[PDB]
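data11.tsv (TSV, C-alpha atoms and all ligand atoms) appears below.
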chain	number	residue	atom	x	y	z
A	1	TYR	CA	69.23	-98.13	-28.79
A	2	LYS	CA	70.45	-97.59	-25.25
A	3	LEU	CA	68.73	-95.20	-22.88
A	4	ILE	CA	71.04	-94.41	-19.96
A	5	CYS	CA	69.09	-92.71	-17.17
A	6	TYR	CA	70.80	-91.23	-14.14
A	7	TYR	CA	69.09	-91.26	-10.77
A	8	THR	CA	70.58	-88.92	-8.17
A	9	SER	CA	71.20	-90.00	-4.58
A	10	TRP	CA	70.26	-86.71	-2.90
A	11	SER	CA	66.86	-86.38	-4.59
A	12	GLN	CA	65.28	-88.25	-1.67
A	13	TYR	CA	65.62	-85.18	0.54
A	14	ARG	CA	63.42	-82.97	-1.67
A	15	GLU	CA	60.28	-81.87	0.24
A	16	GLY	CA	56.80	-83.14	-0.58
A	17	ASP	CA	56.31	-84.42	-4.12
A	18	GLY	CA	59.88	-83.45	-4.89
A	19	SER	CA	61.15	-86.47	-2.99
A	20	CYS	CA	62.08	-89.26	-5.37
A	21	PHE	CA	63.20	-92.82	-4.62
A	22	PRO	CA	64.31	-95.65	-7.00
A	23	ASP	CA	60.88	-96.84	-6.05
A	24	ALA	CA	59.23	-94.40	-8.47
A	25	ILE	CA	61.21	-95.55	-11.51
A	26	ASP	CA	59.51	-97.31	-14.43
A	27	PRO	CA	61.50	-100.57	-14.75
A	28	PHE	CA	60.86	-100.68	-18.47
A	29	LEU	CA	61.56	-97.03	-19.17
A	30	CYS	CA	65.35	-97.03	-19.61
A	31	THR	CA	67.80	-99.75	-20.53
A	32	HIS	CA	70.37	-98.61	-17.99
A	33	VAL	CA	69.95	-96.71	-14.74
A	34	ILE	CA	73.03	-95.18	-13.15
A	35	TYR	CA	72.97	-94.53	-9.40
A	36	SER	CA	74.50	-91.13	-8.90
A	37	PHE	CA	77.69	-90.89	-6.98
A	38	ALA	CA	79.59	-93.20	-4.74
A	39	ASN	CA	82.72	-91.83	-2.87
A	40	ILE	CA	86.27	-93.21	-2.69
A	41	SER	CA	87.57	-93.74	1.01
A	42	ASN	CA	91.06	-95.20	1.71
A	43	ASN	CA	91.38	-95.32	-2.08
A	44	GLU	CA	88.48	-97.78	-2.12
A	45	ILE	CA	85.05	-97.30	-3.60
A	46	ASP	CA	82.52	-96.54	-0.90
A	47	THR	CA	79.04	-95.21	-0.17
A	48	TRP	CA	78.03	-91.58	0.13
A	49	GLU	CA	74.57	-91.33	1.68
A	50	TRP	CA	73.90	-93.23	4.92
A	51	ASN	CA	71.05	-95.29	3.47
A	52	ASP	CA	72.78	-95.94	0.14
A	53	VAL	CA	72.83	-99.64	1.01
A	54	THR	CA	69.05	-99.53	1.27
A	55	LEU	CA	68.55	-97.46	-1.88
A	56	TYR	CA	71.07	-99.58	-3.86
A	57	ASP	CA	68.74	-102.42	-2.96
A	58	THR	CA	65.51	-100.51	-3.70
A	59	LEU	CA	66.90	-99.74	-7.16
A	60	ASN	CA	68.38	-103.15	-7.95
A	61	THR	CA	64.91	-104.90	-7.34
A	62	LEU	CA	63.56	-103.16	-10.44
A	63	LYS	CA	65.51	-105.89	-12.23
A	64	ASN	CA	63.11	-108.47	-10.81
A	65	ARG	CA	60.38	-106.93	-12.90
A	66	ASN	CA	62.65	-106.38	-15.88
A	67	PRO	CA	65.35	-109.06	-16.21
A	68	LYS	CA	67.14	-107.05	-18.90
A	69	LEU	CA	67.39	-103.77	-17.02
A	70	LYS	CA	71.05	-103.09	-16.24
A	71	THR	CA	72.30	-100.82	-13.48
A	72	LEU	CA	75.54	-98.99	-12.82
A	73	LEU	CA	77.05	-97.04	-9.98
A	74	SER	CA	78.85	-93.79	-10.82
A	75	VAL	CA	82.01	-92.60	-9.03
A	76	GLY	CA	82.92	-88.96	-8.73
A	77	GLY	CA	80.41	-86.22	-9.31
A	78	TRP	CA	80.57	-82.45	-8.91
A	79	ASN	CA	80.79	-82.52	-5.15
A	80	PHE	CA	83.82	-84.76	-5.61
A	81	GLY	CA	86.97	-82.71	-6.13
A	82	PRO	CA	88.83	-83.55	-9.37
A	83	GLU	CA	91.93	-82.96	-7.26
A	84	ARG	CA	91.20	-86.00	-5.11
A	85	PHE	CA	90.34	-88.00	-8.21
A	86	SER	CA	93.55	-86.75	-9.77
A	87	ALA	CA	95.56	-87.85	-6.72
A	88	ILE	CA	94.15	-91.38	-6.87
A	89	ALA	CA	94.99	-91.69	-10.56
A	90	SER	CA	98.60	-90.41	-10.40
A	91	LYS	CA	100.03	-92.88	-7.88
A	92	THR	CA	99.97	-96.33	-9.48
A	93	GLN	CA	99.66	-97.55	-5.88
A	94	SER	CA	96.45	-95.66	-5.09
A	95	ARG	CA	95.04	-96.47	-8.52
A	96	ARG	CA	95.52	-100.23	-8.20
A	97	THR	CA	93.99	-100.29	-4.70
A	98	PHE	CA	90.91	-98.39	-5.90
A	99	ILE	CA	90.54	-100.61	-8.94
A	100	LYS	CA	90.82	-103.87	-6.99
A	101	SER	CA	88.12	-102.62	-4.59
A	102	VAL	CA	85.39	-102.06	-7.20
A	103	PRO	CA	84.30	-105.52	-8.47
A	104	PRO	CA	83.56	-106.89	-4.96
A	105	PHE	CA	81.62	-103.75	-4.03
A	106	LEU	CA	79.63	-103.83	-7.22
A	107	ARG	CA	79.01	-107.56	-6.95
A	108	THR	CA	77.88	-107.26	-3.32
A	109	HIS	CA	75.13	-104.75	-4.09
A	110	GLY	CA	74.05	-106.00	-7.47
A	111	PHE	CA	75.38	-103.44	-9.94
A	112	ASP	CA	76.18	-104.62	-13.44
A	113	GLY	CA	78.84	-101.94	-13.90
A	114	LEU	CA	80.80	-98.83	-12.91
A	115	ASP	CA	80.49	-95.36	-14.42
A	116	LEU	CA	83.43	-92.94	-14.14
A	117	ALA	CA	82.22	-89.43	-13.46
A	118	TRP	CA	85.65	-87.78	-12.97
A	119	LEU	CA	84.30	-84.31	-13.49
A	120	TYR	CA	86.76	-82.81	-15.84
A	121	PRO	CA	90.35	-83.99	-15.70
A	122	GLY	CA	92.93	-81.32	-16.51
A	123	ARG	CA	95.80	-81.17	-18.98
A	124	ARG	CA	98.00	-83.06	-16.44
A	125	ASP	CA	95.40	-85.76	-15.91
A	126	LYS	CA	94.93	-87.14	-19.57
A	127	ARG	CA	97.78	-89.59	-19.27
A	128	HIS	CA	96.49	-91.04	-15.98
A	129	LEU	CA	92.81	-91.07	-16.92
A	130	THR	CA	93.83	-93.36	-19.77
A	131	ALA	CA	95.74	-95.55	-17.31
A	132	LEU	CA	92.69	-95.69	-15.04
A	133	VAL	CA	90.30	-96.92	-17.72
A	134	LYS	CA	92.77	-99.46	-19.16
A	135	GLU	CA	93.46	-101.15	-15.86
A	136	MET	CA	89.83	-100.90	-14.78
A	137	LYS	CA	88.66	-102.79	-17.86
A	138	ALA	CA	91.57	-105.19	-17.41
A	139	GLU	CA	90.43	-105.95	-13.86
A	140	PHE	CA	86.83	-106.43	-14.99
A	141	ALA	CA	87.95	-108.82	-17.74
A	142	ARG	CA	89.90	-110.82	-15.16
A	143	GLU	CA	87.05	-110.96	-12.66
A	144	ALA	CA	84.73	-112.22	-15.41
A	145	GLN	CA	86.97	-115.31	-15.66
A	146	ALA	CA	85.19	-116.40	-12.48
A	147	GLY	CA	82.34	-117.33	-14.79
A	148	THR	CA	79.99	-114.40	-14.57
A	149	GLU	CA	78.68	-111.45	-16.56
A	150	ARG	CA	81.55	-109.05	-17.11
A	151	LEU	CA	80.99	-105.71	-15.42
A	152	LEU	CA	80.37	-102.66	-17.63
A	153	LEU	CA	82.72	-99.69	-17.58
A	154	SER	CA	81.45	-96.38	-18.88
A	155	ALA	CA	82.40	-92.75	-18.52
A	156	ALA	CA	80.66	-89.39	-18.40
A	157	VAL	CA	82.71	-87.09	-20.63
A	158	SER	CA	82.79	-83.32	-21.20
A	159	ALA	CA	81.37	-82.00	-24.47
A	160	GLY	CA	83.40	-78.81	-24.79
A	161	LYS	CA	86.12	-78.69	-27.46
A	162	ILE	CA	88.75	-77.23	-25.19
A	163	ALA	CA	87.86	-79.44	-22.23
A	164	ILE	CA	88.05	-82.51	-24.45
A	165	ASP	CA	91.39	-81.53	-26.00
A	166	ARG	CA	92.84	-80.65	-22.63
A	167	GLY	CA	92.15	-83.82	-20.69
A	168	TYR	CA	90.91	-86.76	-22.77
A	169	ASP	CA	92.76	-89.34	-24.86
A	170	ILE	CA	89.46	-90.20	-26.59
A	171	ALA	CA	90.84	-92.59	-29.21
A	172	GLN	CA	92.55	-94.48	-26.36
A	173	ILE	CA	89.83	-94.66	-23.71
A	174	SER	CA	87.26	-95.37	-26.43
A	175	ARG	CA	88.48	-98.89	-27.04
A	176	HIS	CA	88.24	-99.76	-23.35
A	177	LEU	CA	84.91	-98.20	-22.38
A	178	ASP	CA	81.56	-99.86	-23.13
A	179	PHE	CA	79.93	-96.52	-23.86
A	180	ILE	CA	80.58	-92.81	-23.47
A	181	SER	CA	78.03	-90.24	-22.36
A	182	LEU	CA	78.50	-86.73	-23.73
A	183	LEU	CA	77.60	-84.02	-21.23
A	184	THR	CA	75.92	-82.22	-24.13
A	185	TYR	CA	74.05	-79.73	-21.96
A	186	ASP	CA	76.57	-77.55	-20.14
A	187	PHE	CA	77.24	-75.26	-23.09
A	188	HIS	CA	76.22	-71.79	-21.97
A	189	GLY	CA	78.77	-69.84	-19.99
A	190	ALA	CA	78.56	-70.83	-16.36
A	191	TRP	CA	80.88	-67.82	-16.21
A	192	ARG	CA	79.34	-64.78	-17.85
A	193	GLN	CA	76.58	-62.21	-17.80
A	194	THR	CA	74.43	-62.86	-20.83
A	195	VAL	CA	71.30	-64.91	-21.40
A	196	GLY	CA	72.09	-68.12	-23.27
A	197	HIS	CA	70.79	-71.65	-23.78
A	198	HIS	CA	72.83	-74.37	-22.07
A	199	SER	CA	71.97	-77.17	-24.53
A	200	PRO	CA	71.62	-75.90	-28.13
A	201	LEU	CA	71.35	-78.65	-30.73
A	202	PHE	CA	72.76	-76.71	-33.66
A	203	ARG	CA	75.00	-73.66	-34.16
A	204	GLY	CA	72.69	-70.65	-34.05
A	205	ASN	CA	73.73	-68.78	-37.18
A	206	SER	CA	73.47	-65.44	-35.39
A	207	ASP	CA	76.66	-65.75	-33.26
A	208	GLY	CA	80.10	-66.96	-34.53
A	209	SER	CA	82.79	-67.42	-31.91
A	210	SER	CA	81.65	-70.47	-29.82
A	212	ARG	CA	80.18	-72.91	-32.39
A	213	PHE	CA	81.96	-75.64	-30.50
A	214	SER	CA	79.23	-74.83	-27.98
A	215	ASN	CA	76.45	-77.11	-29.23
A	216	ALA	CA	75.51	-80.79	-29.46
A	217	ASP	CA	76.22	-81.16	-33.19
A	218	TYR	CA	79.84	-79.98	-33.12
A	219	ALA	CA	80.51	-81.95	-29.94
A	220	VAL	CA	79.23	-85.17	-31.52
A	221	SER	CA	81.06	-84.55	-34.78
A	222	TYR	CA	84.23	-83.72	-32.92
A	223	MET	CA	84.10	-86.89	-30.82
A	224	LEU	CA	83.58	-89.00	-33.93
A	225	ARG	CA	86.48	-87.17	-35.56
A	226	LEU	CA	88.66	-87.78	-32.49
A	227	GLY	CA	88.07	-91.49	-33.02
A	228	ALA	CA	85.13	-92.45	-30.80
A	229	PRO	CA	82.99	-95.14	-32.51
A	230	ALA	CA	79.42	-93.98	-33.04
A	231	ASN	CA	78.20	-97.29	-31.59
A	232	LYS	CA	79.72	-96.16	-28.30
A	233	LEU	CA	78.63	-92.54	-28.08
A	234	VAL	CA	75.58	-91.57	-26.07
A	235	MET	CA	74.38	-88.00	-26.33
A	236	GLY	CA	73.28	-86.49	-23.06
A	237	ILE	CA	69.89	-84.83	-22.84
A	238	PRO	CA	69.02	-82.47	-19.95
A	239	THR	CA	65.77	-83.04	-18.13
A	240	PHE	CA	66.25	-79.75	-16.29
A	241	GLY	CA	66.44	-76.12	-17.29
A	242	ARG	CA	68.78	-73.36	-16.27
A	243	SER	CA	67.50	-70.14	-14.70
A	244	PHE	CA	68.72	-66.51	-14.85
A	245	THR	CA	67.63	-63.32	-13.12
A	246	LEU	CA	67.43	-60.69	-15.88
A	247	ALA	CA	69.20	-57.40	-15.23
A	248	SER	CA	67.14	-55.49	-17.80
A	249	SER	CA	63.73	-55.48	-19.46
A	250	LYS	CA	65.70	-56.89	-22.40
A	251	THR	CA	64.68	-60.51	-23.02
A	252	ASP	CA	65.78	-61.34	-26.57
A	253	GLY	CA	69.01	-63.21	-27.26
A	254	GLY	CA	72.01	-61.52	-25.70
A	255	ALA	CA	70.16	-59.82	-22.80
A	256	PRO	CA	72.01	-58.72	-19.57
A	257	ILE	CA	72.22	-60.94	-16.50
A	258	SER	CA	72.39	-59.83	-12.88
A	259	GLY	CA	72.88	-63.44	-11.80
A	260	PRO	CA	71.32	-66.95	-11.62
A	261	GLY	CA	67.57	-67.42	-11.26
A	262	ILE	CA	65.70	-67.95	-8.00
A	263	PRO	CA	65.44	-71.51	-6.61
A	264	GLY	CA	62.52	-73.84	-7.20
A	265	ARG	CA	60.11	-74.77	-4.42
A	266	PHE	CA	61.41	-78.34	-4.39
A	267	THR	CA	64.78	-78.05	-6.08
A	268	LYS	CA	66.05	-75.26	-3.83
A	269	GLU	CA	69.10	-74.39	-5.93
A	270	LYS	CA	70.00	-71.10	-7.62
A	271	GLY	CA	70.17	-71.24	-11.40
A	272	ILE	CA	68.55	-74.67	-11.68
A	273	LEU	CA	64.96	-75.86	-12.13
A	274	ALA	CA	63.56	-79.38	-12.43
A	275	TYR	CA	61.34	-79.95	-15.44
A	276	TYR	CA	58.25	-80.44	-13.26
A	277	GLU	CA	59.09	-77.14	-11.57
A	278	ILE	CA	59.35	-75.61	-15.03
A	279	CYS	CA	55.95	-76.96	-16.03
A	280	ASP	CA	54.44	-74.89	-13.23
A	281	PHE	CA	56.65	-71.92	-14.16
A	282	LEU	CA	55.32	-71.78	-17.73
A	283	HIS	CA	51.93	-70.70	-16.37
A	284	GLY	CA	51.87	-66.97	-16.97
A	285	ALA	CA	55.21	-67.21	-18.72
A	286	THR	CA	56.13	-66.33	-22.30
A	287	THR	CA	57.36	-69.21	-24.40
A	288	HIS	CA	60.07	-68.62	-27.03
A	289	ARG	CA	62.17	-70.96	-29.15
A	290	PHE	CA	65.42	-70.61	-31.09
A	291	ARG	CA	64.78	-72.08	-34.56
A	292	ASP	CA	68.48	-72.15	-35.30
A	293	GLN	CA	69.39	-74.26	-32.26
A	294	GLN	CA	65.90	-75.73	-31.94
A	295	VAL	CA	65.53	-75.29	-28.19
A	296	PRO	CA	63.04	-73.21	-26.16
A	297	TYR	CA	63.29	-70.63	-23.39
A	298	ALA	CA	60.75	-68.95	-21.12
A	299	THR	CA	60.45	-65.60	-19.38
A	300	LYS	CA	58.24	-64.43	-16.54
A	301	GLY	CA	58.98	-61.21	-14.66
A	302	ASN	CA	62.77	-60.93	-14.38
A	303	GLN	CA	63.22	-64.70	-14.65
A	304	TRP	CA	64.68	-66.17	-17.83
A	305	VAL	CA	64.68	-69.96	-18.24
A	306	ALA	CA	66.55	-71.99	-20.85
A	307	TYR	CA	65.17	-75.53	-20.99
A	308	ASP	CA	64.10	-78.55	-23.01
A	309	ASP	CA	60.56	-79.66	-23.69
A	310	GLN	CA	59.10	-82.70	-25.43
A	311	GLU	CA	59.69	-81.70	-29.02
A	312	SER	CA	63.05	-80.19	-28.19
A	313	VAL	CA	64.13	-83.56	-26.80
A	314	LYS	CA	62.50	-85.56	-29.59
A	315	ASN	CA	64.41	-83.38	-31.96
A	316	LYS	CA	67.70	-84.28	-30.27
A	317	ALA	CA	66.65	-87.93	-30.29
A	318	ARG	CA	66.15	-87.87	-34.05
A	319	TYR	CA	69.57	-86.26	-34.41
A	320	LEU	CA	71.30	-88.93	-32.36
A	321	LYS	CA	69.53	-91.55	-34.49
A	322	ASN	CA	70.53	-90.03	-37.83
A	323	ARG	CA	74.19	-90.07	-36.89
A	324	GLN	CA	73.70	-93.68	-35.80
A	325	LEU	CA	74.86	-93.17	-32.25
A	326	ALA	CA	74.55	-95.77	-29.48
A	327	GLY	CA	71.64	-93.97	-27.85
A	328	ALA	CA	70.70	-91.21	-25.43
A	329	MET	CA	71.50	-90.38	-21.79
A	330	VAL	CA	69.07	-88.49	-19.63
A	331	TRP	CA	70.01	-86.22	-16.80
A	332	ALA	CA	67.96	-87.02	-14.00
A	333	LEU	CA	64.98	-89.19	-13.96
A	334	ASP	CA	64.36	-87.35	-10.73
A	335	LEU	CA	64.23	-84.00	-12.55
A	336	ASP	CA	61.69	-85.25	-15.08
A	337	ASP	CA	58.04	-85.40	-14.01
A	338	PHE	CA	58.39	-88.78	-12.31
A	339	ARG	CA	55.04	-88.27	-10.61
A	340	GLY	CA	53.37	-87.09	-13.81
A	341	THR	CA	51.26	-84.69	-11.77
A	342	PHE	CA	52.91	-81.36	-12.70
A	343	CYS	CA	52.89	-81.19	-16.49
A	344	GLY	CA	49.31	-81.79	-17.55
A	345	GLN	CA	48.96	-84.66	-19.42
A	346	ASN	CA	48.74	-87.49	-16.95
A	347	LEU	CA	51.83	-89.05	-18.54
A	348	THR	CA	54.62	-90.03	-16.15
A	349	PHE	CA	58.25	-89.24	-17.13
A	350	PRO	CA	57.16	-86.96	-20.03
A	351	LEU	CA	60.62	-86.04	-21.30
A	352	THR	CA	62.37	-89.39	-20.92
A	353	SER	CA	59.35	-90.99	-22.57
A	354	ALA	CA	59.58	-88.70	-25.59
A	355	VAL	CA	63.16	-89.83	-26.10
A	356	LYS	CA	62.06	-93.43	-25.79
A	357	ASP	CA	59.29	-92.93	-28.34
A	358	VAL	CA	61.74	-91.57	-30.92
A	359	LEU	CA	64.33	-94.20	-30.02
A	360	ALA	CA	61.73	-96.93	-30.43
A	361	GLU	CA	59.58	-95.94	-33.41
A	362	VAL	CA	62.62	-97.18	-35.34
A	401	LIG	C1	84.29	-88.68	1.04
A	401	LIG	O1	85.54	-89.30	1.33
A	401	LIG	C2	86.17	-88.52	2.28
A	401	LIG	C3	87.63	-88.93	2.33
A	401	LIG	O2	87.99	-89.49	3.57
A	401	LIG	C4	85.23	-88.45	3.51
A	401	LIG	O3	85.38	-87.16	3.99
A	401	LIG	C5	86.46	-87.48	5.20
A	401	LIG	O4	87.33	-86.77	4.26
A	401	LIG	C6	88.24	-85.88	4.83
A	401	LIG	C7	89.19	-85.45	3.73
A	401	LIG	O5	90.20	-86.41	3.49
A	401	LIG	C8	88.90	-86.60	5.97
A	401	LIG	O6	90.02	-85.86	6.41
A	401	LIG	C9	87.89	-86.77	7.11
A	401	LIG	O7	88.41	-87.70	8.03
A	401	LIG	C10	86.56	-87.27	6.67
A	401	LIG	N1	85.47	-86.48	7.21
A	401	LIG	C11	84.87	-86.87	8.33
A	401	LIG	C12	83.75	-85.99	8.84
A	401	LIG	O8	85.15	-87.92	8.93
A	401	LIG	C13	83.76	-88.33	3.26
A	401	LIG	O9	83.05	-88.61	4.45
A	401	LIG	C14	83.27	-89.06	2.09
A	401	LIG	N2	82.02	-88.48	1.67
A	401	LIG	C15	80.91	-88.69	2.36
A	401	LIG	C16	79.67	-88.01	1.83
A	401	LIG	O10	80.85	-89.39	3.37

How does this structure look as structure tokens?
Ligand SMILES: *[C@@H]1O[C@H](CO)[C@@H](O[C@H]2O[C@H](CO)[C@@H](O)[C@H](O)[C@H]2NC(C)=O)[C@H](O)[C@H]1NC(C)=O
Amino acid sequence: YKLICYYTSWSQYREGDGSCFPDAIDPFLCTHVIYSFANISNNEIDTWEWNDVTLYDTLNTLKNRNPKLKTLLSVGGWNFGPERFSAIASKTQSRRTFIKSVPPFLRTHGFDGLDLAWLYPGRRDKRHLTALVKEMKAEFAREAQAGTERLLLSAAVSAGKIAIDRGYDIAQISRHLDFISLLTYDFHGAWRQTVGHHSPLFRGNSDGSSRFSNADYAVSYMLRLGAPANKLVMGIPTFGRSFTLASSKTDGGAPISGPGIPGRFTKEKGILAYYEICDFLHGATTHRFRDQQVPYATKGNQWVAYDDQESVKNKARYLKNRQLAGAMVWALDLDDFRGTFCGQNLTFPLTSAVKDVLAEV
């Protein structure tokens, strides 16, 4: 079983304990670590943060301690406009230039592969996305002729029915990618006013429009669309999503005046790192949807939808029962990498839980 763990570039800037460097990563924890977000300049892959060269290096030494650990660099991201991605993929000229620029870059820094994080291609992008992956893999196959490990090519894909239908030629890109990571944790309406859990495992028999909004359906759909189970990786969030309640109503369906307040170290509205959540729980009321099998917490006018150890173990067992390729964690930097915020002196609580389930069989 594969355990793809993303590490985000900008997590170094977090104050105090929040600050996380490749340095703090357990070399034996995951099987693949993806460095989060590289840019594209002059239609050529390029760095993002000033000290990326240094961090790329910090991260790629972990392989000295664990020969088998494989690393990948991811292009795109949320702060990377799909428009610009879209423009690179439409002109066969821009596309080829970008492609040709990757292997050298990757080789130079020590990455064993590239991860496409084109965050959501539109209906007019499907055709080109397919082109992009085909040629990419083709270039990697050619470069491997030079007598060296072939680079890996993976992609972070949306897990919403509509999104998938709109911009992905799954059956096609499936045969060219090494593995696909399902963003199975962006399910609850980033758009509207009611409390809701962003990463439900099952359907939640109470509500009936939006079933397509859960891990199960997403995975089933992908398999139906033609993606081989041995290539699917279900994404598991290591963070929670926050909401500022608009009424004393807390139960499912409650009103929302807007996103929750920022975390001391995360400093971002609506989001909370798991270690921040561990501190939040103190004086908070824990609740859990049996239907979807995920928990949520409330304190004051703050409502938090998140994943805990069992929640994540539960998803891990799911993934296993459908015989998927493995799991993908959202950031390693959002988990308790210090192990000093969530009791139990364990480091990387969440990601470990997944590993335990993934390894006990
Ligand atoms: C992202 O790539 C862009 C593309 O060049 C870099 O942002 C630049 O992008 C603008 C949009 O095309 C250019 O017009 C500007 O010349 C340029 N910005 C500056 C200040 O020079 C960008 O720097 C890359 N991202 C990062 C984080 O460096």

(request) Determine, counting all atoms listed in the file, which protein, DNA and RNA residues have an atom within 9 Å of an atom of residue A:195; residues of the same chain fewer than 2 positions away are not included. Present the result as JSON, numbers by chain. (result) {"A": [188, 192, 193, 197, 244, 246, 251, 252, 253, 254, 255, 256, 257, 304, 305, 306]}

At most 6 Å is the cut-off: for each residue in chain A with any atom that close to an atom of ligand LIG 401 (chain A), write down the nearest atom pair and the distance in Å rounded to one decimal, counting only C-alpha atoms and all ligand atoms, chain first then increasing number, as CSV.
residue,atom,partner,partner_atom,distance
A:39,CA,A:LIG401,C1,5.3
A:40,CA,A:LIG401,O1,5.7
A:41,CA,A:LIG401,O1,4.9
A:48,CA,A:LIG401,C16,4.3

Enclose stretch 288-298 of chain A, meaning all of its atoms listed in the file, in a box aligned along x, y and z, pad it by 4 Å on each side, and list the centre and edge lengths in Å to one decimal, as JSON.
{"center_x": 64.7, "center_y": -72.2, "center_z": -28.2, "size_x": 17.3, "size_y": 15.1, "size_z": 22.2}

Nearby residues (only C-alpha atoms) at most 8 Å from residue A:35, same-chain spacing under 4 positions excluded, as a PDB file with C-alpha atoms, in the coordinates of the input:
ATOM      1  CA  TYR A   6      70.800 -91.230 -14.140  1.00  0.00           C
ATOM      2  CA  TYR A   7      69.090 -91.260 -10.770  1.00  0.00           C
ATOM      3  CA  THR A   8      70.580 -88.920  -8.170  1.00  0.00           C
ATOM      4  CA  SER A   9      71.200 -90.000  -4.580  1.00  0.00           C
ATOM      5  CA  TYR A  56      71.070 -99.580  -3.860  1.00  0.00           C
ATOM      6  CA  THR A  71      72.300-100.820 -13.480  1.00  0.00           C
ATOM      7  CA  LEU A  72      75.540 -98.990 -12.820  1.00  0.00           C
ATOM      8  CA  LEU A  73      77.050 -97.040  -9.980  1.00  0.00           C
ATOM      9  CA  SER A  74      78.850 -93.790 -10.820  1.00  0.00           C
TER      10      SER A  74
END

Nearby residues (only C-alpha atoms) at most 8 Å from residue A:21, same-chain spacing under 4 positions excluded, as a compact mmCIF listing (two decimals) with C-alpha atoms, keeping the file's coordinate frame:
# COMPACT_ATOMS: atom_id res chain seq x y z
CA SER A 11 66.86 -86.38 -4.59
CA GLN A 12 65.28 -88.25 -1.67
CA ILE A 25 61.21 -95.55 -11.51
CA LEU A 55 68.55 -97.46 -1.88

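Computed from the coordinates, the atom CA of residue A:299 to atom CA of residue A:284 distance equals 9.0 Å.
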
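One distance worth recording is that between atom CA of residue A:285 and atom CA of residue A:302, which is 10.7 Å.
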
Got a minute to add N, CA and C atoms to stretch 333-344 of chain A and dump it as a PDB file, keeping the file's coordinate frame?
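Okay, this is what ended up in out07.pdb:
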ATOM      1  N   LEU A 333      66.255 -88.549 -13.985  1.00  0.00           N
ATOM      2  CA  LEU A 333      64.980 -89.190 -13.960  1.00  0.00           C
ATOM      3  C   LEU A 333      64.267 -88.507 -12.858  1.00  0.00           C
ATOM      4  N   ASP A 334      64.989 -88.050 -11.836  1.00  0.00           N
ATOM      5  CA  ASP A 334      64.360 -87.350 -10.730  1.00  0.00           C
ATOM      6  C   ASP A 334      64.055 -85.882 -11.014  1.00  0.00           C
ATOM      7  N   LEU A 335      64.485 -85.394 -12.173  1.00  0.00           N
ATOM      8  CA  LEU A 335      64.230 -84.000 -12.550  1.00  0.00           C
ATOM      9  C   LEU A 335      63.114 -83.943 -13.590  1.00  0.00           C
ATOM     10  N   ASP A 336      62.760 -85.115 -14.110  1.00  0.00           N
ATOM     11  CA  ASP A 336      61.690 -85.250 -15.080  1.00  0.00           C
ATOM     12  C   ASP A 336      60.444 -85.286 -14.210  1.00  0.00           C
ATOM     13  N   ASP A 337      59.263 -85.330 -14.815  1.00  0.00           N
ATOM     14  CA  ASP A 337      58.040 -85.400 -14.010  1.00  0.00           C
ATOM     15  C   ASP A 337      57.782 -86.877 -13.686  1.00  0.00           C
ATOM     16  N   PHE A 338      58.520 -87.386 -12.701  1.00  0.00           N
ATOM     17  CA  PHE A 338      58.390 -88.780 -12.310  1.00  0.00           C
ATOM     18  C   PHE A 338      57.041 -89.081 -11.696  1.00  0.00           C
ATOM     19  N   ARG A 339      56.363 -88.060 -11.180  1.00  0.00           N
ATOM     20  CA  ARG A 339      55.040 -88.270 -10.610  1.00  0.00           C
ATOM     21  C   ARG A 339      53.983 -88.122 -11.700  1.00  0.00           C
ATOM     22  N   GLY A 340      54.289 -87.305 -12.704  1.00  0.00           N
ATOM     23  CA  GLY A 340      53.370 -87.090 -13.810  1.00  0.00           C
ATOM     24  C   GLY A 340      52.198 -86.204 -13.419  1.00  0.00           C
ATOM     25  N   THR A 341      52.324 -85.543 -12.276  1.00  0.00           N
ATOM     26  CA  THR A 341      51.260 -84.690 -11.770  1.00  0.00           C
ATOM     27  C   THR A 341      51.538 -83.184 -11.867  1.00  0.00           C
ATOM     28  N   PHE A 342      52.598 -82.787 -12.568  1.00  0.00           N
ATOM     29  CA  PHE A 342      52.910 -81.360 -12.700  1.00  0.00           C
ATOM     30  C   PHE A 342      52.811 -80.797 -14.111  1.00  0.00           C
ATOM     31  N   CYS A 343      52.905 -81.661 -15.115  1.00  0.00           N
ATOM     32  CA  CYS A 343      52.890 -81.190 -16.490  1.00  0.00           C
ATOM     33  C   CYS A 343      51.664 -81.601 -17.247  1.00  0.00           C
ATOM     34  N   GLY A 344      50.543 -81.185 -17.136  1.00  0.00           N
ATOM     35  CA  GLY A 344      49.310 -81.790 -17.550  1.00  0.00           C
ATOM     36  C   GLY A 344      49.332 -83.290 -17.337  1.00  0.00           C
TER      37      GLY A 344
END
